[PDB]
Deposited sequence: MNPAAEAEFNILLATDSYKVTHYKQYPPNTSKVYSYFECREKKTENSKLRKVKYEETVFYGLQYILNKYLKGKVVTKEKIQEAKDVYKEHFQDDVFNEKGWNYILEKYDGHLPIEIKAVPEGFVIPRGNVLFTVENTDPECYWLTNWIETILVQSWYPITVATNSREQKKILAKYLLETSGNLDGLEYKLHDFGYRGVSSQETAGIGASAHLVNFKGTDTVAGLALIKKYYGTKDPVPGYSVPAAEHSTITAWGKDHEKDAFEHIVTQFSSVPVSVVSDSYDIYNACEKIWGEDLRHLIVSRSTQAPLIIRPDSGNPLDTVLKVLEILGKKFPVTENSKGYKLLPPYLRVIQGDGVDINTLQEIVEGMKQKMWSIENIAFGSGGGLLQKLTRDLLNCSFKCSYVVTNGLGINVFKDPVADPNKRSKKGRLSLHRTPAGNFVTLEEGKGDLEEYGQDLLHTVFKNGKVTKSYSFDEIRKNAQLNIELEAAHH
């Protein structure tokens, strides 16, 4: 990895574009006015990419060589990068301030700020815009996950009277449906801020290396079947596959995909009649979890439940809702995103089925079907010093007021009612509001303030009680 090759091409040319006699470029990050976001992921970037000796003589040559061919021109700030190497032993002369990781903050608020600590390195602040803005992803995944936990919480509490097992109600299936290996790790870590169940293994090693937990691992899974693991038996021997798998895993929770050929047959005849004897003998700590995987998600879940309720002993009510026997549960893992999750739980409630009956799995919707536009994650310059004189700067495009950016030196404060407010124009310097809620997390090549994953999870809790 070469930090000199980890920016937008045009930013290689920006040092020649700022006003001459500019000693400071100050920039901030916001989710431009999902009315509330989880700040997560910066610490990963600081450690992996920005910390320590990130500039060497070889990295300067490498970049020089590439940019020459790439631009067909000698645009590249070799002098500027040599200065960092010579004066700071290749450590970035940058200070970053940030709200604690895990903090849940309404949109339109400053989440972190970036400025150079050396007047020569004025160009450096926005060189690292590209890398830092990619924090949009862990933030958006953590936020979207939490918002889905909010819906589950609402309906679990309503139908059941509590929240038992909530943190296992959305399972991460997103590993293969993601753009890369690195994305898998970052994204599965963000989901684990809210839940404890994951099939995306990459996230466990990221967390332990960059954040850490008191617990040996932040995430957990159970034995589960695949379509290959059923279909390999031959279409006439689906029952032999089912029987073999529940028996191999008789003592632990086991999930078995049941829609290879006909899910409704599989539930009514195979599980409900042929193999019922192997199911009803199962421990409460080791349910069979039937996994539908196709058809309309709502329509299929409801039909699966109606089938099963008539083949197995249903109890009712502490809230009036119906509950499968303890050794039998369902997991819906196809076509689940924030939109369809809400339609499924609402449809179940309408049909008198408790949310304690179901868990969800999500792949693409959970990790890949997200974009920087969702929360309008943006990084903009708000303050510059030119000729020893500070000015408050901003953009304000005529045709789009929603793209207007903040002015001057910023700070994040607690309001009298206990909410959040960003102060602009250096106004935080007055003592009218609180202490600044942002902390220096990186300065001159060193991470100066760290958070464990246990603190992050704590910070990102839902209110309910």
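- No C-alpha positions are given for the deposited-sequence stretches 1 to 8, 42 to 53, 486 to 491.
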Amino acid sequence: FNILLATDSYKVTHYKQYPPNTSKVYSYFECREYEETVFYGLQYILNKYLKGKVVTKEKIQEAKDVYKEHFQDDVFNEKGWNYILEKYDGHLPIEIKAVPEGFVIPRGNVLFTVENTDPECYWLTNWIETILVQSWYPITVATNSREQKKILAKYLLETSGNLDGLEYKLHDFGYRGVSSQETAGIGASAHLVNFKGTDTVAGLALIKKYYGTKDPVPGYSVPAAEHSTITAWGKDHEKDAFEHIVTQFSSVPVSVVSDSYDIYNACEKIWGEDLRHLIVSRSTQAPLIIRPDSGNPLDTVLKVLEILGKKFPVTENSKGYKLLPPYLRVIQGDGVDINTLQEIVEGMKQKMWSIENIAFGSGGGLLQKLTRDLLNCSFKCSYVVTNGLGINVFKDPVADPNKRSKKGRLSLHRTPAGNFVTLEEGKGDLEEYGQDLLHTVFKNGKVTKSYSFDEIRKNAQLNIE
From here on, numbers count along this sequence of modelled residues.
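Rigid core (definition): largest C-alpha set, two forms, superposition within 1.5 Å.
- The rigid core fit leaves 311 to 319 as the farther-lying stretch in 7 other deposited structures of this protein, judged by Cα positions and set against 311 to 319 and 186 to 194.
- With each structure aligned by its rigid core, the stretch whose Cα atoms sit farther from this model in 7 other deposited structures of this protein, between 429 to 437 and 44 to 52, is 429 to 437.
- As recorded in the PDB entry, 313 to 321 is the stretch of 313 to 321 and 255 to 263 with the greater mean C-alpha temperature factor.
- Just going by the entry, 433 to 441 versus 37 to 45 on mean CA temperature factor gives the higher value to 433 to 441.
- The PDB entry assigns its highest CA temperature factor, among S221, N194, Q342, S189, to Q342.
- In the PDB entry, the Cα temperature factor peaks, among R107, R146, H244, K87, at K87.
- When all modelled residues of the chain are sorted by CA temperature factor, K369 is found within the lowest third.
- The deposited CA B-factor of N392 belongs to the highest third of values across its chain.
- Among the modelled residues of the chain, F420 sits in the middle third by CA temperature factor in this PDB entry.
- In this PDB entry, the Cα temperature factor of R176 sits in the bottom third of its chain's modelled residues, the lowest group.
- In the PDB entry, a CA B factor belonging to the middle third of its chain's modelled residues is recorded for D164.
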